[PDB]
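Chains as they are written, first to last, in the entry's author numbering: chain q, 112 to 166, 168 to 190; chain H, 53 to 254; chain 1, 10 to 65; chain X, 87 to 171; chain z, 61 to 312.
We treat Cβ as the ideally placed atom computed from N, Cα and C, and that holds for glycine.
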Amino acid sequence: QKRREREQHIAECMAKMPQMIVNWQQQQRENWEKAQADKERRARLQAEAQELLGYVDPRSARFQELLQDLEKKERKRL
Amino acid sequence: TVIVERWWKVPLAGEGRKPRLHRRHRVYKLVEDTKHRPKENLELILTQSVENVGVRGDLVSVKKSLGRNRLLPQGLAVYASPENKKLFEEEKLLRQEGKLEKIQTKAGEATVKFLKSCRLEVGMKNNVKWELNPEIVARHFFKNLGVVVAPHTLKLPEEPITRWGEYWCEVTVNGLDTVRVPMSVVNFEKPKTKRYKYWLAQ
Amino acid sequence: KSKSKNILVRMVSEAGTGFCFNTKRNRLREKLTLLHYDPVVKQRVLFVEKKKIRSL
Amino acid sequence: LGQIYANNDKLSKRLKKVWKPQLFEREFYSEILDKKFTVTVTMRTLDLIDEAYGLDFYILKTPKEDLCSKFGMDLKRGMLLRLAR
Amino acid sequence: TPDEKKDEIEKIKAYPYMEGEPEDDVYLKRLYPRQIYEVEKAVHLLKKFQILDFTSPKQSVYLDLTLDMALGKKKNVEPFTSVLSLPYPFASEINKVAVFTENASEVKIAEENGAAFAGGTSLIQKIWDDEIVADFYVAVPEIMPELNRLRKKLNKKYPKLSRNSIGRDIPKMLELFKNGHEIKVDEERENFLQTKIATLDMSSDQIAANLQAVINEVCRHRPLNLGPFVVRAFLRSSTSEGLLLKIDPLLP
RNA sequence: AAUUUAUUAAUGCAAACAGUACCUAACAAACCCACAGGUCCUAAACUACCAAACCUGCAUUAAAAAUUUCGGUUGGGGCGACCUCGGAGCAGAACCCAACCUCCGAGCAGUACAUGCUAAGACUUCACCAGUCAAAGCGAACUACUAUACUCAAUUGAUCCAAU
RNA sequence: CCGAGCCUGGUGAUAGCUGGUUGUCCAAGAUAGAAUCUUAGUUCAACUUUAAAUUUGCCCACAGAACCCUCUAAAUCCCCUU
RNA sequence: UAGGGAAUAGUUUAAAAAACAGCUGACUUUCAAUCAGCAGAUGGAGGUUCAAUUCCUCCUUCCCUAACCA
Ligand SMILES: [K+]
Ligand SMILES: [K+]
Ligand SMILES: [K+]
Ligand SMILES: [Mg+2]
Ligand SMILES: [Mg+2]
Ligand SMILES: [Mg+2]
Ligand SMILES: [Mg+2]
Ligand SMILES: [Mg+2]
Ligand SMILES: [Mg+2]
Ligand SMILES: [Mg+2]
Ligand SMILES: [Mg+2]
Ligand SMILES: [Mg+2]
Ligand SMILES: [Mg+2]
Ligand SMILES: [Mg+2]
Ligand SMILES: [Mg+2]
């Protein structure tokens, strides 16, 4: 019985794996596209702020907060 | 009792030989001290009557302190040995059917002692016309004195009571003992009013 | 002996075989989900971090 | 009379330790001897007397190696002599 | 699980109880545990006491229920008021409800459903500037900002989402209140619930049905099988002592 | 200094040993009732205190002691400094080579997630321990990212035992 | 002979430390290192001795063994023949 | 490390409020105090629900308690 249950558990878990990989692969691509978006936006906003004031916790905090609010305001509309 | 065991294994001695004890076999660990165990009750057969239990021949489980320090030394109880159980069991049969008379139960003796020294305040309302009957009077034992009396046991003075006054109720406990308690018919007062009026005031 | 920047974690196979391997990851980054070869089933399967072994 | 390991750890010091029984003075009545005795006992003795249904049964039933008392053996000879005579 | 609250729950469970009258004809109540059980006999007995203790034939049966209103998890549930009408609502007439709705079509739905007091700012201002008494309040989300003025006045009795009294659909509590009877809660939170069930003259079967309805009504707060919700039940008339009912069969 | 509280004293619990007490904040708004008070709109539920010492067991805190040790290198010892690992000179060309000799470093980080499995033949820090490189094969990868024992010089810790 | 008496016993205490270790004759026989509370000692190597097995040992011709950097050193390694 | 618990405005508390600080001012020689205003928050992520500080889950930080032996 123990052997039969273990093999059944593996078989069931291994029939779902093909779909799981597809979902995982997409998440990697999505993360690659999200990092690029952050890399671009954060650098521009943070860089400009630093150059103006001080040539940086306060400014970084603000931009790191207002951007979140903009996303939330869209979620509130949903 | 302190129960101990050895830390070190003792080598087998074999059949008909004494174990070889090194000085390391004197190292012990305390397994248990039996004085800290939950106390068990002692089963005794009563002889005379006691407030807690008093039916002669009743198998009672009491605290070992009570049985050893009071009941057994004075003779009020005996050990629940097979021989004693047989003797008391035989006596029970004779009481049920033989000449030996029946005796009150444990509770019966407690009630009789309470009924001997108690007065019933049969609070009756003034507005509504009331006639005192065994059923109504029985209710007041439960409320006033806390005694649960069967309606049939009560024997009223047999004179219709419709006026505040004093009378007598003859209570029969289990059919053997008849107690006559003083009866005080008084104007009914609600529990809250009576307690605030007198208990709080004085 | 230095600031703990990485941690050792146990990656557990999602195939139900129970095969596990230990990998090093950054403390601040998210839990790792990796595609790693599982000998029991003899093919690459998704693994998911379950516990943190120690701090490196 | 024995030894113990401190904190129940064999790697710690080995210390001398004596466990003494809790002693109580109680009064017992012997039916065969019709006399009351004030004797020092332990809670175990009281339990053994209860299991025997009295002092006389305990004294008569208990072997010498279990009584472990010269006084107890004197009571046994006293009780046995009255029964024999 | 605070020691006091949990210990009492253990203690109340410990109270012994017995079936049937003892063999002894006359026995002191102290010498034996509680005995009277069956719900049918209980109602019949309460009528007997009414005759012996001369009193009104119709009396309010203030059933007190020591309902385990706690210990779902080591975190304890909270006291609420699940309002549901009994199968045979007793002759008491209660129609007191205040509805806060301003410049909304709900004003009609409020009064259409039998609202006693319906109004907006004018009603809210009246509560703050002058004394007024209502049994229960309801408000739509749009009026909650304005209604916040009466939060302090009502001392937490103002509408709250926790009691399902904030919502576009008012008839949650409004409609069912008149026929429904509120399952109020203890002030000391000792878990005893004083809830009238029926008038004394109501037939035993109808009172029995009224009892069962509350059993489901009370468990509505925590109808989980994880923690037992009922311990003891005392069915008492206005001028009589409580009787320990055998509620175990009626629990599920 | 590490280890310990058996011992002594104090404290707490248990053990042992008596019983003592069982709990009161209305109010009629209406109606009844000569009063005194009642009907209605609750008159429920609920036990609480609690035995002084001595002795014994188990704990906690002190006192007073007990047992044991107090590394090495070193132009004598102490003081100072040093103690493992790697690169360079001394040691010029196979290997090896010292000084409290001369210099610079290490106690990681980063990328993979087949840094999977297995197996000829070899190297080796002068022993051992440990350490090192690997064809073929299995399974992968692959359609030319100097690709299948990652980059990196050192980047490190035996046995018992413990956790799982 | 009191930094804690004396006697007997455990006791032939232990001592990597010092000293001592008994007839004759012949033979082979000197010294890389590593670790170690280890450097007044040990254990493994190395050297040394005895017995056995079977096969090369030593001496060495060419050819051959790096750039970076300054003494472009005396030499070494490898190696048939002999 | 182990579980338990916790995370609210710059700060400290409450069931989305008050207090202090910042205060912009007024008034005090000065400053405090005082008065009136103004800004200010639900550790992070994901999900349920029309709506989540108030349901749940994982992670970060901290506390608690117990470890931290070999
Ligand atoms: K010198
Ligand atoms: K030495
Ligand atoms: K010498
Ligand atoms: Mg040391
Ligand atoms: Mg030295
Ligand atoms: Mg020197
Ligand atoms: Mg020094
Ligand atoms: Mg070697
Ligand atoms: Mg290959
Ligand atoms: Mg002398
Ligand atoms: Mg010697
Ligand atoms: Mg020679
Ligand atoms: Mg060492
Ligand atoms: Mg040496
Ligand atoms: Mg040659």
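By alpha-carbon distance to residue 305 (chain z), the top candidate from 84 (chain z), 125 (chain z) and 190 (chain z) is 125 (chain z).
Within chain H, the residues 94 have their CB atoms less than 7 Å from the CB of residue 136 (chain X), given in chain order. Checking the DSSP bridge columns, you'll see residue 120 (chain q) has no partner listed.
Beta-bridge partners of residue 234 (chain H) (DSSP): 220 (chain H). In the structure shown, the three-state DSSP call for residue 20 (chain 1) is strand. Segment contact: the segment 39-47 of chain 1 against the segment 11-21 of chain 1, three or more CB-CB distances shorter than 8 Å; contact assigned.
The segment 121-155 of chain X is shown to contain whole beta strand (DSSP E) runs of 3 or more residues at 121-127, in chain order. A Cβ-Cβ contact shorter than 8 Å links residue 270 (chain z) with residue 148 (chain z).
In this structure, residue 156 (chain z) sits away from residue 199 (chain z), with a CB-CB distance that is not shorter than 8 Å.
In this chain, residue 35 (chain 1) is not harboured by any alpha helix (DSSP H); it is covered by the beta strand (DSSP E) spanning 29-35.
The beta carbon of residue 75 (chain z) sits no closer than 8 Å to any beta carbon of chain H. Setting aside the 5 residues that flank it on each side, residue 168 (chain X) is surrounded in the same chain by 118 and 119, each with a C-beta closer than 8 Å to its C-beta; the list follows chain order. Of the residues assessed, residue 157 (chain H) falls on the buried side of the cut-off, its CB having 16 or more other CB atoms within 10 angstroms. Only 135 from the segment 133-161 of chain q bring a Cβ to less than 7 Å from some Cβ of chain 1.
By the neighbour-count definition (other C-beta atoms within 10 Å, threshold 16), residue 262 (chain z) is a buried residue. Taking all protein chains in view, the Cβ of residue 141 (chain X) is crowded by 16 or more other Cβ atoms within 10 Å, so the residue is classified as buried. Assignment of residue 81 (chain z) by DSSP, reduced to helix, strand and coil, places it in the coil class.
A distance of 8 Å or more separates the beta carbons of residue 223 (chain H) and residue 197 (chain H). Cβ proximity to chain z below 8 Å picks out 223, 224, 225, 226 and 227 from the segment 217-237 of chain H. DSSP, reduced to helix, strand and coil, places residue 262 (chain z) outside both helices and strands of the structure shown, so it counts as coil.
Straight through space, the alpha carbons of residue 250 (chain z) and residue 135 (chain z) are spaced by roughly 16 Å.
With fewer than 16 other CB atoms across the displayed protein chains lying within 10 angstroms of its CB, residue 187 (chain q) is exposed. Within chain q, the residues 128, 131, 132 and 135 have their CB atoms less than 9 Å from the CB of residue 55 (chain 1), given in chain order. At least one CB of chain H lies nearer than 8 Å to the CB of residue 91 (chain z). If you look at residue 88 (chain X), you'll find it in the beta strand (DSSP E) that goes 88-91. Per the coordinates, the alpha-carbon of residue 185 (chain H) lies some 38 Å from the alpha-carbon of residue 145 (chain H). Annotation for residue 231 (chain z): 169 and 173 place their beta carbon closer than 8 Å to its own, counting only its chain and skipping 5 residues before and after. Residue 166 (chain H) belongs to the set of residues whose beta carbon lies under 8 Å from a beta carbon in chain z. Distance check between residue 100 (chain X) and each of 71 (chain H), 68 (chain H), 69 (chain H) and 81 (chain H) places 81 (chain H) closest, using alpha-carbon atoms only. Rounded to the nearest angstrom, the gap between the Cα atoms of residue 159 (chain H) and residue 146 (chain z) is 43 Å. Using a Cβ-Cβ distance cut-off of 8 Å, the segment 151-159 of chain q and the segment 169-186 of chain q are in contact, since at least three pairs of beta carbons, one from each stretch, lie closer than that value. If only complete runs of 4 or more residues are kept, the segment 155-212 of chain H shows the alpha helix (DSSP H) at 158-168 and 186-192, in order along the chain.
Restricting attention to 183 (chain z), 265 (chain z), 258 (chain z) and 283 (chain z), the CA atom closest to the CA of residue 298 (chain z) is found in 258 (chain z).
The C-alpha of residue 78 (chain z) is placed about 26 Å away from the C-alpha of residue 276 (chain z).
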